[PDB]
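Going in written order, the chains are labelled A, B, C, D and E, and every chain counts its residues from 1.
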Amino acid sequence: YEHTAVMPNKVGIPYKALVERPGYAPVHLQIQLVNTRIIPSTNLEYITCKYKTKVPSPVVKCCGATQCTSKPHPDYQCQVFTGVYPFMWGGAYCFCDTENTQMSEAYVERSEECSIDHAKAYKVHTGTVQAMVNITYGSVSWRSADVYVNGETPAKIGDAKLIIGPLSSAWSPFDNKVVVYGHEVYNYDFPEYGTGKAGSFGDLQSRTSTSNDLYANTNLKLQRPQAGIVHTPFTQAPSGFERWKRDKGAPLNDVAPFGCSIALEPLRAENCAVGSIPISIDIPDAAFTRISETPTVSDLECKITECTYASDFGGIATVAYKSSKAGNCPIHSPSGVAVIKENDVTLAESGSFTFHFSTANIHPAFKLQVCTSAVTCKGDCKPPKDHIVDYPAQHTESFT
Amino acid sequence: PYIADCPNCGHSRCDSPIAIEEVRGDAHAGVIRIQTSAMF
Amino acid sequence: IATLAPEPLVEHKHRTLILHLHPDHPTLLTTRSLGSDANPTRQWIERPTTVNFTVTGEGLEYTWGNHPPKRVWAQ
Amino acid sequence: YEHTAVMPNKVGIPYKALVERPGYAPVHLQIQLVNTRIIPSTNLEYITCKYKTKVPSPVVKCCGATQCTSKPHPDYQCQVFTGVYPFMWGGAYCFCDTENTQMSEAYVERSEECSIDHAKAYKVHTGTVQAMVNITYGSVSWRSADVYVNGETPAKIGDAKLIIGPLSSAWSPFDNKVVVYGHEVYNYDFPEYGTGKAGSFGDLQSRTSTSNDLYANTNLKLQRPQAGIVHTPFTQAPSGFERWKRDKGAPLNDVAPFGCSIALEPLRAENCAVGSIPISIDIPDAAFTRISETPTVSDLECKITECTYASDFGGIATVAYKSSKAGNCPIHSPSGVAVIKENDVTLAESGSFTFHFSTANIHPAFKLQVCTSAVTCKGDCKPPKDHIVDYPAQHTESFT
Amino acid sequence: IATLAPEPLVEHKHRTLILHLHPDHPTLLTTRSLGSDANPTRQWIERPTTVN
């Protein structure tokens, strides 16, 4: 009875399949893939952020030169300068007039915002998708368990053992190269660590926040201070992190395909509705009811009464139930034409009980399996009027 | 309280103790963090 | 304590959202046609504008500023 | 002069290309890919290790039953037992004879060796390969820098800017699924977290060492203690970590293809000699010598004298150097037929100086570019006798 | 007080028992196909072996 089932990847709607175990009473499913969070394999390549030209205070030798050296600070720009007369609080102070030397030095450093407000590149591989699958199973009526997709993983949470996927729809909405910012995720071809052109994205490129080493192509060019005054002309491109916040591109949670949402959290891409998942469950046999205890319902009749050719469960149909015992009777349309809101219907001794459903074909000729009794609920449906609210329960469009 | 060379100190370049370096209009909340050379 | 743009005027058409819209400030609107064809849109809106969106069968979503994202069945 | 060069991926041998900048004197390369450490993108999926059936001490109620409950310990096996008479230091102690109840409970727990002696699964993606490329460049004579492969990354360590790859030979010797053990790495299709059949590999499956939760399919089955004595029959498969150490498979550093070595270190696969790498360098123009300062060497003659048709630099050839000035003269065979040990040859006023080389064609008709002067060093070579030592410098086998 | 070998791993196939097996010591396994064709088997197993 290990109920294999191909199953559409779509998040917010149950998939009430039916266990046709030969010998005992069938049992309905209710498989709602409440989430499709993905979490691909990734690598933190480098944080970037806007620089801060945290200038070390220049040297001023008063009569003669002060040769600079290339200190190992990131992008340590330093250039000796002569021909000053530095006004500092008493007019000038160095008594020479051309031998007055000024050595400006400036290096690039991570902002304090780099720790917290920072873009973040990644080389993104495929990884392994997940889900908090609820099944309000059978008469168990509950399990809300986190699972995987790889087609040999069980998750014995509740009582049922369930194996999912691998899904066929391998579209990772993440591209190979991704930039990430706070919550807005950008599938951007970031240039690389170690290379980013100044002004362009990644002018600062630190491996992480702690990493004292980095790559700072900022085109930081010191110029001589003017007219014998102490200061430090640092001529520099404002960061490619400054832009990339107001001349950027749009976020993947606003431009992705096939229906995904995003988080700066394990780097999941939630709820990506695409393709199917070959899902298979091993039910606990204890949860089964033996066949000789559920009422046999045959010699019945089914008919629509007001079929709504729609998404919400507007389709209805009375069923002239013709039972033997009285009790519950799980139901399902093995044809995917009709999706039913009721998993189970209570029965007195051969009464009648309408259920709700939804279809996509004008003439819904769908079988209905009322606990081992098939029936065609043939009829005709009506279009609605009022179509602006969230996503459907029908999801069965085909040739009609 | 350090004193440095303010760039347009009312008239022109004076040496104000409140000489402004490291202006940071990088947050969002209408706020700027500033450093005077003066230590109030 | 942060921003919020005035609510939209939702208007139905056949697989199409007319939206007479009227913000306070320039608002970046954007959408995601949830087909594997994404077909997104972006436009800062400061001038009030009646816009349009060819919604598909499976759904679209709609982001009136930092107001939360909406979603829509257009069968 | 940004000297693009396709370049074979092979670790322990320089690649002394030649900079043919039009206008100034050429300069030799010496590019030795000292390492090819790989570091693919990976994910720690679960540690495994051998269990320890760290039995909690059973209950013994003396007259009547003690119902057990399913405590949440990993693989918490517990089974009530009656019909005992437990000999404990005074003969039995419970005065009944069948109402004597014994409740055995045992759960699975990580060994103390699990922290330290533990296999380790991974889902392995491709990542990004690296190298500590030495170039004893030109007259610079040194840089030993760590680089990347992605074909826009420079590494300005030394004075030269160098861009490497991407390599064409994307064989990650790691498979998708890998198990890892101490240093021996196994490209094993580990079953998964959460599933591993008892006895088989991964009977214990802990996410990490700290992770108190795990999956312990050990088939732990308690049996009743014998003949009224206190003890705990735990019947259990010795671990699939016990086997997998003496009925395992061989390690990827002993079964890989295309020439790799391995470490339990960043999970690199060193020195994978396969394919080519499109490498391109931007030399410092200061390092160039202008053309009007090196001797012009033309009106020369070249000939082998004892060519060794071999790997070690056994091939030799005098060259009747016909110089103008006297000094150094970088050399290279632009044809890949001949690989030369000498990058540079000193020259007096039109002397003669033999160099060493190695070839693969019986009639080596290779050009030799002695600092802008080509020459065919045609001749014939001799096979050696003594072939059992490490790897060659020739690496140029073709149709001969 | 006497011997006992670790339990087998029963595995189903079509009219066929795969048995991944893993003893402590050399264990004489044997069977009896209950047809009037006996077709028995004997083999001491000390090395773990998947049999059929």
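The working rule: contacts are C-beta pairs under 8 Å (C-beta built on N, C-alpha and C of every residue); 3 or more make two chains touch, one makes a residue touch a chain.
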Assembly fragments, subunit A aside and the remaining chains unmoved: B | C | D, E
Centre-most chain [mean C-alpha coordinates]: A
Inter-chain centre distance, subunit B versus subunit E - centres from mean C-alpha coordinates, in Å: 87
Mean-CA-position distance for subunit D and subunit B (Å): 55
Whole-Å gap between the CA centroids of subunit A and subunit D: 33
Distance from the mean Cα position of subunit C to that of subunit A, given in whole angstrom: 20
Interface hub residues of subunit A, defined as touching at least two other chains: none
Inter-chain touch pairs (all): A-B, A-C, A-D, D-E
Interfacial residue positions of subunit D with respect to subunit E in the complex: 197-200, 219, 221, 226, 235-238, 243, 247
Contact footprint of subunit A on subunit C as seen in their complex: 10, 12, 17, 30-32, 34-38, 40, 42, 57-59, 63, 71-75
In the complex with subunit D, residue positions of subunit A that touch it: 41-43, 123, 125-128, 148, 150, 152-155, 191-195
Of all residues in subunit A, those that touch subunit B in their complex: 50, 52, 54, 87-89, 111, 113, 117, 229-231
Residues of subunit B defined as touching subunit A within the complex: 3-5, 7, 13, 15, 22, 26
